[PDB]
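This report refers to the structure that appears directly beneath it.
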Amino acid sequence: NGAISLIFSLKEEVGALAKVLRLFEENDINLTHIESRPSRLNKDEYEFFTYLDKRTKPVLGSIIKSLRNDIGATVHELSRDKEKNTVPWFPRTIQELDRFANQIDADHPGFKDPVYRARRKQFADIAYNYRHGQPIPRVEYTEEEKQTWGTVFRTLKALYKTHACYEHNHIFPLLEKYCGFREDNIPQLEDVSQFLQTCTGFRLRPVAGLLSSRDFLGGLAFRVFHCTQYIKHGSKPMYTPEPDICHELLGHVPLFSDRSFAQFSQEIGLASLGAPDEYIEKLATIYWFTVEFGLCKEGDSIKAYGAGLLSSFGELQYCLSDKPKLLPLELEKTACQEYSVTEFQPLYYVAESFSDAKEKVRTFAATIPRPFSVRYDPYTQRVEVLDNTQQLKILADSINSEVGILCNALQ
Amino acid sequence: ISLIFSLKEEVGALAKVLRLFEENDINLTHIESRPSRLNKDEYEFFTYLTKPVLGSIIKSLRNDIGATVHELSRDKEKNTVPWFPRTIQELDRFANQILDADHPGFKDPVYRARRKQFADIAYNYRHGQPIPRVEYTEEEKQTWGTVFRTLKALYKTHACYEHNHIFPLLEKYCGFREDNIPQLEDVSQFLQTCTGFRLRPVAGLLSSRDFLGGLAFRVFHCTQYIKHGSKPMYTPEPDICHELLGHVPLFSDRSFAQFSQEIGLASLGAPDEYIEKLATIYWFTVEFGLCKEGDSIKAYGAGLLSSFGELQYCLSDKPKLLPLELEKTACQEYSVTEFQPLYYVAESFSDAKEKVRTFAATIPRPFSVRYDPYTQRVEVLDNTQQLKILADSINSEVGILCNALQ
Amino acid sequence: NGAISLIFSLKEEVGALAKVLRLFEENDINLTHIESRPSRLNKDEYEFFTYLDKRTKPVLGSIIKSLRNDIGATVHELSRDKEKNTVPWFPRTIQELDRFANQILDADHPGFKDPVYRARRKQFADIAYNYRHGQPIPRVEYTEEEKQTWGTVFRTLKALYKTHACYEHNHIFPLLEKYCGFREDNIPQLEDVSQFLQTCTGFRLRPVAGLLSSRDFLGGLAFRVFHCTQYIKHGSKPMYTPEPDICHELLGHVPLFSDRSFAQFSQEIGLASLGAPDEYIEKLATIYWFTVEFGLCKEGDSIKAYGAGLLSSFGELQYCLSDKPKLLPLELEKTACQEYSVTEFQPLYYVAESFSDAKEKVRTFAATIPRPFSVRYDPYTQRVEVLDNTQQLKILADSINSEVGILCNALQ
Amino acid sequence: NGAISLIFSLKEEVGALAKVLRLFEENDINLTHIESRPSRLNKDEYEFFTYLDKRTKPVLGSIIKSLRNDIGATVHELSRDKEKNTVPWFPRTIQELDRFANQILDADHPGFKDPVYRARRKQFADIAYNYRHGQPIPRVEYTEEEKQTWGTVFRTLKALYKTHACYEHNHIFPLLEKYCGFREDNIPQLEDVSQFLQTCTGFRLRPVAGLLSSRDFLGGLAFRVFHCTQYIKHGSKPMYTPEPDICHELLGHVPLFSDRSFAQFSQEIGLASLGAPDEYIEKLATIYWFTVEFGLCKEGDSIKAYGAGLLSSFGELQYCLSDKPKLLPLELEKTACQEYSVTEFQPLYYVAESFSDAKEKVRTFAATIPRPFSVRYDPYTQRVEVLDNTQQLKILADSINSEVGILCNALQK
């Protein structure tokens, strides 16, 4: 089916909303797929959200020209299949992450274990049926699963006070009192999501497996983290090439609980919206060398903040060793650097800070071919698509008002 | 009797705080401990306190641990900040604090029963839950219909641009017709998609402090009952017709949402003298405001957009008009019962938000407040802290504006 | 002669600079009347300044059409005669205030029958006619008669500033008394005042023979240039106010022109004037009338006067804080259309919340003024720069992000 | 006589101003040496600029003692001989550049045997010694010999600017040839160039007889004032480089000073010097030697020269882009310590990302410089504003406020 979406604003005129809503009607598209909301910046405009798929493609082209010239409006055509003259699709609302959440062995250390394979189908099914809004279904984990967690958990906690970054060590005690991070407890995703929610507005979303970098990264734009609920097979408690619950709760969650790290990762996600294939890849590389295997400066020393490092006891000690090569974070080079998932990383990029890395990403995003920019509205949980002079005008007044607050507060 | 205090992680601070509460038989679910957003080094604590020995803890937090502790009392205890809900859920705590033989429905046993029905819906509502739906009777709908038909006809000429900008969407997507009474849960979802405003059914009339405080979270306490059918034109008591036809459309407009949000932010922890001023400001804007549109003036007050007779009086030559200036407006005298003698004109909602902001700076509070739509939390800010969050906020918006100009 | 100007920028490409210059050479326009300079904002563009007059009109249309259709430059045609859909002229640079500084507006004047006074008045006019931007303002020894007139006005007003003037006026007036000879027995020299203004807010003086037009006067405020009279009223009637003598200029305007927030506020009226249609010149002058000239401002507990016409008029300074005037909050869309006379005490004053507020009100008002650009004064080059590109605003936002990045660093 | 200066502010308060002016006056520090101006930020304060010298120094402590104690004002003390517990003096207004503009710095000069040449250097020196801020720069007809020299230097470099000079130099150079008389057959007049500079970035030339101390020279850049020589090197050896004649000033410096980005960058070095300890004056001078004097900058994938020592030296201009030099990326903590030799072609150049990136590196470096305050230049009053941490946040914020308001109005056009 795919997903087609038409992004266009329309000034209110007598009969303006009246006719564009029929412009769908004449072509026979259902008008429960055409949702019309007031523009959030331009007081006199109406923004249209279209929930379409390939069945509607017959008539989309005719509609666009009329809107383009018969009404004089900038129309951006979003398509899932990334075809001639469209922007790669991306959800504009947080509920629209539902639409491909589920869009997802022989050497796995659980290939010949029918209990494990049947267990994995349980978690998959919990994820397949998850929808935005619902609480995350709680699962009692087996005793052998809680020992695997214990094994993973006990060793890593020991290295944190020396190898983990400050943000990580600052938050972890809070997850131990309030979220059941204990050597003997596997935490429930619903408690974690509730905790993140009150910290940075991050929220969890159980996922059956691995999403395409686009889908996964686009979720970061809404501060939605697509999370797995299963656990690695207990035979090899050090296994890491897939992201079990250990990778999630111990590698990602504490940092998603810090504003600057949250704002930084959200920025990688904002940059993915409508990015071409080529640039989703570069963002994935950037992601891999920051959120996944990033190192950060802390005064005169270097600490780890990557999820793949804060979750892998082995490579956490390695990366602080003098053996791995180190480069300062450089996006025009980092985004093109090669990496291998299976082997310990040869190279790590060091970051001045989460804030500085946030700025570099926003800077890098200016290089991403998009006929518009993006800003997340945390009030309606929707993406603002920025392409007008009069929008930037409203944003600038908004900036000016805050400056007045800053100025007045200085006196 | 809450407490708000930050604390640097120095010699085991977090653990000392929790041992300080254990030694005082206070369970850790009444200790919310979060990291600070502007100071990497410290933590934010929030307790929902057990009045006996609260002095023992505060004395320890301030001295032994070197914290700055705000003491928030709802019981108006002198030398305590007037309490306000910090989280959107904390609107549950006092949503049930409302205030009859004159009523046009006094002699009607069924009407006297509906009102109790709607009151209990409001009483039993808690944040997050869907607003319970109700099937309105045929006589409730014609009453709505008489109100709807008579005002709709005045909206093209007498109503402000924003009201008229949004009203076709409510008719198009929320069942705003003369033969249908919309369900609050539908209206609430729409608002959320527009400005993030939410509805919370309320049995009747909360105090100004409680009501205004709700607006800080873009939360509108909204009635669900309808006026009695014998007097359709009766508008005295805030009725569903008041809420959906006078308040709702404006709440869907970003700039009106921000202005009303601003009044509510200003109330958080404001002394009672400043609650009465903000309530008067509210009376003369959100409820009975007029606004300038080029050379003509339109009505935006909910009490005007839901009152047939006073929607036409207000834009007439009979009442006195004054430009909105809050030091004078916040001192005005008004009466609930009659057509208002005086109205205040605003040049724009944008401008009105600025005036409210400036006025709020004069409100005595040992902190500044800023709402966080991500975590649905109001954050209290020392003078130094506010500077860091605005500047960092400013730095973000400018980045977006630099990226977008290309 | 009049005045004609072509405001245009151009990206550098091979021969582009040379093609523009031949186009003007082709048409007798000397290289001294078209200067090219690099653009402040866009590293790769050249800004152009044309010092033309009506003797160039026969040829201007051909040149304009060549810049747009051949060279491909966005061109704003400025005319002082406000021709066929041209922008009303205004000087690009501070030197070019010279060009029309002498365009000036006796029967029942108190100094009519006095031939020494008539002569003094033509002595002061000549100093203005001959003044040119950059020159020291010629000093003149005033007589005892003149310093006694000054003294009568000065005396009555000083006793009244402490209770009637705004705080900013009273903050600076002692400095003028100590460093510019603002005494009852001494008329201060414009050269000293201008030098003190310059060190305070960059504001400078400029002797004018009499009353300029509002466009020309206001335009000077965009450069922080105040066209100032230098004669003094006749000694027969020392409370005579209906002309801006040196008392009105030195006691009404100068203290406030030395305050940064008031300076920026008056400058904002002048920035808004540049190129404004005649309609909006009238509105700006009226706004000027109810702010710079007869304005009042809130000062905490009380309202105080700041208009130059109040601070230099004993009688009306008392009247305006009494219970007789009708006060109104400053709202420009209304105020800009407020009618008034010069003949009597003002029935009605507008109250400004503050100078920084009235400044933002004026910036907001200027956006409504029909112009194909906005403007920014460059105090380094003392030249007006016109903003009409997205390419410019890019740079403008970058520099913003830089100071924000600096202010953030300075806080944390 | 040297130079002492007191920097302090006072809140207005009945009698406060007269009580301050009196403790100067009663100690025979007459009013002409004590300026008092309204504080830009603090609307109830007064700033005081004191013009003093060693003659006052017997009474300085008492005056300071009453200022700090009897009046409660935070007083900074600027001295030119830089005693301990003083701040190395700097000029606060553009006029005080007059004060030490003449503190200048031969048997082997390539002009010692030419008695006409020695005599002429005394003419140019006499123009400069008598030059005062605000005056037009005297125009001097150059000889035909002198013009030959200028042509030899001019012809060879111009044939080489297109492929070796950075974008900014090549952007302005065509304007200088057209409007300032930059030609092979003509030596420009400093007055015409200064007026051009002023119409570009506010820079202005100040005729100077010889070489100033780094402190004095750098400090001038904080006002966008370039102390500039008017003479030309001897005719015999037109490739002679050790002293900065008109060839170095006009062909090496004048183009870049006409560029906004470069102007702001070099000014940032100047603002960094004001009141710096001599240890950091030397660090600044090295940074300057490798940026504005011998700098290279990144320009897309290529690298071009922006240093005046290169842009006025055909021989080393070609060298600096060859494969011979050693190139390091600009890092001011490392740059500021780099050894260098004046006589030979530099073996090592520091590459800048851009003038915009270099400016920020300078400002950051300047933050580490021990100074009891911060400095910003104000082009309206042409005076340096000395500010505390609070005052600095205010100006930064109101500058931001003003500039956003402009972006707001300009967005709707």
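In the text below, chain A, chain B and the rest are named by the order of the sequence lines, each starting its count at 1.
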Go through the side-chain N and O atoms of [X] and [Y] and say whether any donor and acceptor fall under 3.5 Å apart.
X	Y	result
B/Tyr334	B/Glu287	no
A/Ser401	B/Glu354	yes
B/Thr137	B/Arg114	no

Beyond-backbone contact of [X] with [Y], side-chain heavy atoms, under 4.5 angstrom:
X	Y	answer
C/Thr364	B/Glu347	no
B/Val286	B/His247	yes
B/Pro323	B/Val345	no
B/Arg198	B/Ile88	yes
B/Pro249	B/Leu170	yes
B/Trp283	B/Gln332	no
B/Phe148	B/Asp179	no
B/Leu169	A/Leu17	yes

Can you check side-chain contact (heavy atoms from CB on, under 4.5 Å) on B/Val147 and B/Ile226, steps first, answer last?
CA-CA 11 Å; B/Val147 171; B/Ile226 192 165; over 6 Å; no
Parallel, tilted or perpendicular: ring planes of [X] versus [Y], cut at 30 and 60 degrees:
X	Y	answer
B/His221	B/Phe211	tilted
B/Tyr344	B/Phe284	perpendicular
A/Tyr46	A/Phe48	perpendicular
B/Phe256	B/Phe349	perpendicular

Heavy-atom donor-acceptor pair, [X] side chain to [Y] backbone, under 3.5 Å:
X	Y	result
B/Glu90	B/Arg86	yes
B/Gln340	B/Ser335	yes
B/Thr195	B/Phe251	yes
B/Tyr173	A/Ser36	yes
B/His228	B/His103	no
B/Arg365	B/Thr362	no
B/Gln261	B/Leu215	no
B/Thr143	B/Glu140	no
B/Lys227	B/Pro232	yes
B/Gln183	B/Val134	yes

To the closest 0.5 Å, what do you measure between [atom1] ([X]) and [atom2] ([Y])?
X	Y	atom1	atom2	value
A/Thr198	B/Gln89	OG1	CD	9.5 Å
B/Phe308	B/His158	CZ	NE2	9.0 Å
B/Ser393	B/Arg370	OG	CZ	4.5 Å
B/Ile275	B/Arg209	CD1	CZ	4.0 Å
A/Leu41	A/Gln391	CG	CD	5.5 Å
B/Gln224	B/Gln117	CD	CD	8.5 Å

Please test B/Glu178 against B/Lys152 for salt bridge (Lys or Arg N to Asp or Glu O under 4.0 Å), starting from the C-alpha separation and ending with a verdict.
CA-CA 9 Å; B/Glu178 72 181 349; B/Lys152 174 68 178 300; over 6 Å; no
From CA spacing to verdict: side-chain contact (heavy atoms from CB on, under 4.5 Å), A/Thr50, A/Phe24
CA-CA 10 Å; A/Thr50 70; A/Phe24 295 110; 4.0 Å; yes
Closest heavy-atom pair and its distance - [X], [Y]:
X	Y	value
A/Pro378	B/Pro373	CG-CG, 3.6 Å
B/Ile131	B/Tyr125	CG1-CE1, 3.8 Å
B/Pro182	B/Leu244	CD-CD1, 3.8 Å
B/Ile281	B/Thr329	CA-CG2, 4.4 Å
B/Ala203	B/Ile98	CB-CG1, 3.7 Å
A/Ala73	A/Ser9	CB-O, 3.4 Å

Using the six-membered ring of [Y], assess whether NZ or CZ of [X] lies under 6.0 Å from its centre and within 45 degrees of the ring axis.
X	Y	value
B/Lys277	B/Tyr274	yes
B/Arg74	B/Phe94	yes
A/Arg223	A/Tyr376	no

Is it true that [X] and [Y] make a salt bridge, defined as a side-chain N closer than 4.0 Å to a carboxylate O?
X	Y	value
A/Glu47	A/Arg40	yes
B/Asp120	B/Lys116	no
A/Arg37	A/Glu35	yes
A/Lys11	A/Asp44	yes
B/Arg357	B/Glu262	yes
B/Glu162	A/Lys43	yes
B/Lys292	B/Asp351	no

What's the verdict on side-chain contact (heavy atoms from CB on, under 4.5 Å) for B/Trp83 and B/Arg93, showing C-alpha distance, side-chain angles and the deciding distance?
CA-CA 11 Å; B/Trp83 185 92; B/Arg93 291 181 60 184; 3.5 Å; yes
Could you check B/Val187 against B/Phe176 for side-chain contact (heavy atoms from CB on, under 4.5 Å), going step by step and ending with a plain yes or no?
CA-CA 10 Å; B/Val187 175; B/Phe176 274 51; 4.0 Å; yes
Centroid-to-centroid, B/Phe167 to B/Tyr155, below 6.0 Å?
yes
